[PDB]
>>> print(open('structure08.pdb').read())   # PDB, C-alpha atoms
ATOM      1  CA  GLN A 612      -5.851  57.100-104.092  1.00  0.00           C
ATOM      2  CA  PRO A 613      -8.171  58.596-101.458  1.00  0.00           C
ATOM      3  CA  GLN A 614      -6.474  58.973 -98.075  1.00  0.00           C
ATOM      4  CA  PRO A 615      -9.183  58.436 -95.415  1.00  0.00           C
ATOM      5  CA  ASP A 616      -9.249  60.918 -92.548  1.00  0.00           C
ATOM      6  CA  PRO A 617      -8.570  59.326 -89.127  1.00  0.00           C
ATOM      7  CA  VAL A 618     -10.960  61.826 -87.535  1.00  0.00           C
ATOM      8  CA  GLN A 619     -13.719  61.244 -90.094  1.00  0.00           C
ATOM      9  CA  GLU A 620     -13.761  57.449 -89.829  1.00  0.00           C
ATOM     10  CA  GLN A 621     -13.723  57.700 -86.030  1.00  0.00           C
ATOM     11  CA  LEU A 622     -16.794  59.946 -85.886  1.00  0.00           C
ATOM     12  CA  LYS A 623     -18.744  57.926 -88.453  1.00  0.00           C
ATOM     13  CA  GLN A 624     -18.216  54.789 -86.368  1.00  0.00           C
ATOM     14  CA  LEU A 625     -19.398  56.598 -83.233  1.00  0.00           C
ATOM     15  CA  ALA A 626     -22.504  57.866 -85.030  1.00  0.00           C
ATOM     16  CA  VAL A 627     -23.327  54.266 -85.968  1.00  0.00           C
ATOM     17  CA  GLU A 628     -23.113  53.182 -82.329  1.00  0.00           C
ATOM     18  CA  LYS A 629     -24.905  56.391 -81.314  1.00  0.00           C
ATOM     19  CA  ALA A 630     -27.965  55.369 -83.324  1.00  0.00           C
ATOM     20  CA  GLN A 631     -27.980  51.962 -81.628  1.00  0.00           C
ATOM     21  CA  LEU A 632     -28.032  53.509 -78.151  1.00  0.00           C
ATOM     22  CA  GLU A 633     -30.710  55.969 -79.257  1.00  0.00           C
ATOM     23  CA  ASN A 634     -32.729  52.836 -80.055  1.00  0.00           C
ATOM     24  CA  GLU A 635     -31.929  51.022 -76.813  1.00  0.00           C
ATOM     25  CA  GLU A 636     -32.901  54.333 -75.200  1.00  0.00           C
ATOM     26  CA  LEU A 637     -36.542  53.806 -76.149  1.00  0.00           C
ATOM     27  CA  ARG A 638     -36.631  50.128 -75.153  1.00  0.00           C
ATOM     28  CA  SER A 639     -35.424  51.043 -71.668  1.00  0.00           C
ATOM     29  CA  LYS A 640     -38.137  53.678 -71.312  1.00  0.00           C
ATOM     30  CA  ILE A 641     -40.796  51.233 -72.508  1.00  0.00           C
ATOM     31  CA  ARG A 642     -39.790  49.001 -69.601  1.00  0.00           C
ATOM     32  CA  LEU A 643     -40.118  52.039 -67.339  1.00  0.00           C
ATOM     33  CA  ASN A 644     -43.580  53.142 -68.485  1.00  0.00           C
ATOM     34  CA  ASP A 645     -45.246  49.732 -68.267  1.00  0.00           C
ATOM     35  CA  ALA A 646     -43.658  49.120 -64.862  1.00  0.00           C
ATOM     36  CA  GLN A 647     -45.111  52.380 -63.550  1.00  0.00           C
ATOM     37  CA  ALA A 648     -48.558  51.676 -65.009  1.00  0.00           C
ATOM     38  CA  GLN A 649     -48.714  48.114 -63.700  1.00  0.00           C
ATOM     39  CA  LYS A 650     -47.553  49.355 -60.297  1.00  0.00           C
ATOM     40  CA  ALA A 651     -50.416  51.866 -60.323  1.00  0.00           C
ATOM     41  CA  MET A 652     -52.717  48.942 -61.088  1.00  0.00           C
ATOM     42  CA  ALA A 653     -51.564  47.218 -57.900  1.00  0.00           C
ATOM     43  CA  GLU A 654     -51.998  50.291 -55.703  1.00  0.00           C
ATOM     44  CA  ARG A 655     -55.545  50.837 -56.951  1.00  0.00           C
ATOM     45  CA  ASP A 656     -56.443  47.160 -56.543  1.00  0.00           C
ATOM     46  CA  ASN A 657     -55.938  47.322 -52.783  1.00  0.00           C
ATOM     47  CA  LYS A 658     -57.602  50.743 -52.647  1.00  0.00           C
ATOM     48  CA  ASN A 659     -60.866  49.168 -53.792  1.00  0.00           C
ATOM     49  CA  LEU A 660     -60.326  46.479 -51.161  1.00  0.00           C
ATOM     50  CA  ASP A 661     -60.363  49.111 -48.410  1.00  0.00           C
ATOM     51  CA  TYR A 662     -63.628  50.358 -49.912  1.00  0.00           C
TER      52      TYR A 662
ATOM     53  CA  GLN B 612     -22.794  48.213-110.537  1.00  0.00           C
ATOM     54  CA  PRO B 613     -23.733  50.242-107.445  1.00  0.00           C
ATOM     55  CA  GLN B 614     -21.600  49.357-104.425  1.00  0.00           C
ATOM     56  CA  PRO B 615     -23.834  49.770-101.336  1.00  0.00           C
ATOM     57  CA  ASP B 616     -22.314  51.610 -98.387  1.00  0.00           C
ATOM     58  CA  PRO B 617     -21.989  49.451 -95.236  1.00  0.00           C
ATOM     59  CA  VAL B 618     -22.665  52.532 -93.105  1.00  0.00           C
ATOM     60  CA  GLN B 619     -25.704  53.612 -95.129  1.00  0.00           C
ATOM     61  CA  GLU B 620     -27.491  50.256 -95.049  1.00  0.00           C
ATOM     62  CA  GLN B 621     -26.803  49.960 -91.316  1.00  0.00           C
ATOM     63  CA  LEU B 622     -28.396  53.319 -90.491  1.00  0.00           C
ATOM     64  CA  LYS B 623     -31.409  52.765 -92.746  1.00  0.00           C
ATOM     65  CA  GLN B 624     -32.133  49.490 -90.953  1.00  0.00           C
ATOM     66  CA  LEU B 625     -31.865  51.210 -87.568  1.00  0.00           C
ATOM     67  CA  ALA B 626     -34.225  53.977 -88.689  1.00  0.00           C
ATOM     68  CA  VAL B 627     -36.771  51.306 -89.632  1.00  0.00           C
ATOM     69  CA  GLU B 628     -36.581  49.777 -86.157  1.00  0.00           C
ATOM     70  CA  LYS B 629     -36.484  53.286 -84.666  1.00  0.00           C
ATOM     71  CA  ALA B 630     -39.914  54.043 -86.118  1.00  0.00           C
ATOM     72  CA  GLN B 631     -41.293  50.829 -84.620  1.00  0.00           C
ATOM     73  CA  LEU B 632     -40.116  51.757 -81.122  1.00  0.00           C
ATOM     74  CA  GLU B 633     -41.444  55.289 -81.587  1.00  0.00           C
ATOM     75  CA  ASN B 634     -44.791  53.556 -82.148  1.00  0.00           C
ATOM     76  CA  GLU B 635     -44.490  51.168 -79.206  1.00  0.00           C
ATOM     77  CA  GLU B 636     -43.547  54.316 -77.278  1.00  0.00           C
ATOM     78  CA  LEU B 637     -47.100  55.635 -77.555  1.00  0.00           C
ATOM     79  CA  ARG B 638     -48.769  52.308 -76.744  1.00  0.00           C
ATOM     80  CA  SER B 639     -46.793  52.106 -73.505  1.00  0.00           C
ATOM     81  CA  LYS B 640     -47.861  55.616 -72.519  1.00  0.00           C
ATOM     82  CA  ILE B 641     -51.499  54.831 -73.317  1.00  0.00           C
ATOM     83  CA  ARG B 642     -51.264  52.026 -70.763  1.00  0.00           C
ATOM     84  CA  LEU B 643     -49.795  54.554 -68.331  1.00  0.00           C
ATOM     85  CA  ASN B 644     -52.451  57.254 -68.756  1.00  0.00           C
ATOM     86  CA  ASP B 645     -55.479  54.982 -68.400  1.00  0.00           C
ATOM     87  CA  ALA B 646     -53.903  53.272 -65.385  1.00  0.00           C
ATOM     88  CA  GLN B 647     -53.443  56.634 -63.665  1.00  0.00           C
ATOM     89  CA  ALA B 648     -56.983  57.775 -64.489  1.00  0.00           C
ATOM     90  CA  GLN B 649     -58.613  54.538 -63.352  1.00  0.00           C
ATOM     91  CA  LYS B 650     -56.535  54.656 -60.168  1.00  0.00           C
ATOM     92  CA  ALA B 651     -57.846  58.175 -59.535  1.00  0.00           C
ATOM     93  CA  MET B 652     -61.337  56.750 -60.001  1.00  0.00           C
ATOM     94  CA  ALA B 653     -60.693  54.288 -57.173  1.00  0.00           C
ATOM     95  CA  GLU B 654     -59.311  56.904 -54.784  1.00  0.00           C
ATOM     96  CA  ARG B 655     -62.318  59.164 -55.320  1.00  0.00           C
ATOM     97  CA  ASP B 656     -64.776  56.282 -54.934  1.00  0.00           C
ATOM     98  CA  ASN B 657     -63.727  55.702 -51.332  1.00  0.00           C
ATOM     99  CA  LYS B 658     -63.542  59.454 -50.718  1.00  0.00           C
ATOM    100  CA  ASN B 659     -67.288  59.705 -51.310  1.00  0.00           C
ATOM    101  CA  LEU B 660     -67.713  56.747 -48.963  1.00  0.00           C
ATOM    102  CA  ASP B 661     -66.114  58.720 -46.126  1.00  0.00           C
ATOM    103  CA  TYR B 662     -68.581  61.503 -46.929  1.00  0.00           C
TER     104      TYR B 662
END
>>> encode(input="structure08.pdb", output="structure tokens")
Amino acid sequence: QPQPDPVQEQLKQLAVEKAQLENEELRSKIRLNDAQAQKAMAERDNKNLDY
Amino acid sequence: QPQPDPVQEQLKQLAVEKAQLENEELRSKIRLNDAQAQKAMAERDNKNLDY
């Protein structure tokens, strides 16, 4: 019978959750990019108004 | 019969979604670049006005 390694099964679980956070990583930065761009839209909208 | 690995099928699914976010990644940054450039257009338009 194979005797599973307590270290090995621990790391493999963490790598599974690691991939999930690496994916939530991008989603968070999508919300950051579009917020910055849409903010720059607002600060150029009033700049034309002063023109 | 092949016995699919619960870890393997989990990661392969995440890699599929990973590629999709890596693609939405670019689209978000396109919206950031053109917002910055068009904002710089506005802040040079009024600069000529002061001239």
>>> residues_around(input="structure08.pdb", residues="residue 621 of chain B", least_positions_apart="2", cutoff="12 Å", atoms="all atoms listed in the file", output="JSON, numbers by chain")
{"A": [623, 624, 626, 627, 628, 630, 631], "B": [615, 616, 617, 618, 619, 623, 624, 625, 626, 627, 628]}
>>> resolve_selection(input="structure08.pdb", expression="the ChimeraX specification (/A :<7) & /B", output="number ranges by chain")
B: 622, 629, 632, 636, 639-640, 642-643, 646-647, 650, 653-654, 657
>>> axis_aligned_box(input="structure08.pdb", around="segment 631-645 of chain A", padding_each_side="4 Å", output="AutoDock Vina command-line options")
--center_x -36.6 --center_y 52.5 --center_z -74.5 --size_x 25.3 --size_y 15.0 --size_z 22.3
>>> build_atoms(input="structure08.pdb", residues="segment 617-637 of chain B", atoms="N, CA and C atoms", output="PDB file, in the frame of the given file")
ATOM      1  N   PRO B 617     -21.684  50.161 -96.490  1.00  0.00           N
ATOM      2  CA  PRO B 617     -21.989  49.451 -95.236  1.00  0.00           C
ATOM      3  C   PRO B 617     -22.534  50.349 -94.143  1.00  0.00           C
ATOM      4  N   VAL B 618     -22.105  51.610 -94.086  1.00  0.00           N
ATOM      5  CA  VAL B 618     -22.665  52.532 -93.105  1.00  0.00           C
ATOM      6  C   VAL B 618     -24.109  52.870 -93.453  1.00  0.00           C
ATOM      7  N   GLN B 619     -24.379  53.148 -94.730  1.00  0.00           N
ATOM      8  CA  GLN B 619     -25.704  53.612 -95.129  1.00  0.00           C
ATOM      9  C   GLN B 619     -26.768  52.551 -94.876  1.00  0.00           C
ATOM     10  N   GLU B 620     -26.491  51.300 -95.245  1.00  0.00           N
ATOM     11  CA  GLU B 620     -27.491  50.256 -95.049  1.00  0.00           C
ATOM     12  C   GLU B 620     -27.698  49.964 -93.569  1.00  0.00           C
ATOM     13  N   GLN B 621     -26.660  50.156 -92.755  1.00  0.00           N
ATOM     14  CA  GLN B 621     -26.803  49.960 -91.316  1.00  0.00           C
ATOM     15  C   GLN B 621     -27.753  50.989 -90.715  1.00  0.00           C
ATOM     16  N   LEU B 622     -27.555  52.266 -91.053  1.00  0.00           N
ATOM     17  CA  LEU B 622     -28.396  53.319 -90.491  1.00  0.00           C
ATOM     18  C   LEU B 622     -29.841  53.182 -90.948  1.00  0.00           C
ATOM     19  N   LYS B 623     -30.050  52.870 -92.228  1.00  0.00           N
ATOM     20  CA  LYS B 623     -31.409  52.765 -92.746  1.00  0.00           C
ATOM     21  C   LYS B 623     -32.178  51.658 -92.042  1.00  0.00           C
ATOM     22  N   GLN B 624     -31.501  50.554 -91.723  1.00  0.00           N
ATOM     23  CA  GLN B 624     -32.133  49.490 -90.953  1.00  0.00           C
ATOM     24  C   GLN B 624     -32.506  49.999 -89.567  1.00  0.00           C
ATOM     25  N   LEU B 625     -31.583  50.705 -88.907  1.00  0.00           N
ATOM     26  CA  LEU B 625     -31.865  51.210 -87.568  1.00  0.00           C
ATOM     27  C   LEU B 625     -33.020  52.200 -87.573  1.00  0.00           C
ATOM     28  N   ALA B 626     -33.111  53.040 -88.605  1.00  0.00           N
ATOM     29  CA  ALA B 626     -34.225  53.977 -88.689  1.00  0.00           C
ATOM     30  C   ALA B 626     -35.553  53.252 -88.854  1.00  0.00           C
ATOM     31  N   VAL B 627     -35.550  52.095 -89.518  1.00  0.00           N
ATOM     32  CA  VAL B 627     -36.771  51.306 -89.632  1.00  0.00           C
ATOM     33  C   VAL B 627     -37.200  50.794 -88.266  1.00  0.00           C
ATOM     34  N   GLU B 628     -36.259  50.240 -87.501  1.00  0.00           N
ATOM     35  CA  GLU B 628     -36.581  49.777 -86.157  1.00  0.00           C
ATOM     36  C   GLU B 628     -36.879  50.952 -85.231  1.00  0.00           C
ATOM     37  N   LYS B 629     -36.215  52.089 -85.458  1.00  0.00           N
ATOM     38  CA  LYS B 629     -36.484  53.286 -84.666  1.00  0.00           C
ATOM     39  C   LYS B 629     -37.949  53.687 -84.750  1.00  0.00           C
ATOM     40  N   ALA B 630     -38.512  53.673 -85.958  1.00  0.00           N
ATOM     41  CA  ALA B 630     -39.914  54.043 -86.118  1.00  0.00           C
ATOM     42  C   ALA B 630     -40.824  53.090 -85.359  1.00  0.00           C
ATOM     43  N   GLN B 631     -40.476  51.802 -85.335  1.00  0.00           N
ATOM     44  CA  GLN B 631     -41.293  50.829 -84.620  1.00  0.00           C
ATOM     45  C   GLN B 631     -41.311  51.111 -83.123  1.00  0.00           C
ATOM     46  N   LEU B 632     -40.153  51.439 -82.545  1.00  0.00           N
ATOM     47  CA  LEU B 632     -40.116  51.757 -81.122  1.00  0.00           C
ATOM     48  C   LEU B 632     -40.821  53.073 -80.832  1.00  0.00           C
ATOM     49  N   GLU B 633     -40.697  54.047 -81.733  1.00  0.00           N
ATOM     50  CA  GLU B 633     -41.444  55.289 -81.587  1.00  0.00           C
ATOM     51  C   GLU B 633     -42.944  55.045 -81.590  1.00  0.00           C
ATOM     52  N   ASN B 634     -43.385  53.930 -82.168  1.00  0.00           N
ATOM     53  CA  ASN B 634     -44.791  53.556 -82.148  1.00  0.00           C
ATOM     54  C   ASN B 634     -45.146  52.782 -80.888  1.00  0.00           C
ATOM     55  N   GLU B 635     -44.298  51.833 -80.488  1.00  0.00           N
ATOM     56  CA  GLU B 635     -44.490  51.168 -79.206  1.00  0.00           C
ATOM     57  C   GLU B 635     -44.369  52.159 -78.056  1.00  0.00           C
ATOM     58  N   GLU B 636     -43.625  53.246 -78.265  1.00  0.00           N
ATOM     59  CA  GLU B 636     -43.547  54.316 -77.278  1.00  0.00           C
ATOM     60  C   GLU B 636     -44.934  54.795 -76.872  1.00  0.00           C
ATOM     61  N   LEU B 637     -45.773  55.112 -77.857  1.00  0.00           N
ATOM     62  CA  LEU B 637     -47.100  55.635 -77.555  1.00  0.00           C
ATOM     63  C   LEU B 637     -47.950  54.592 -76.845  1.00  0.00           C
TER      64      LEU B 637
END
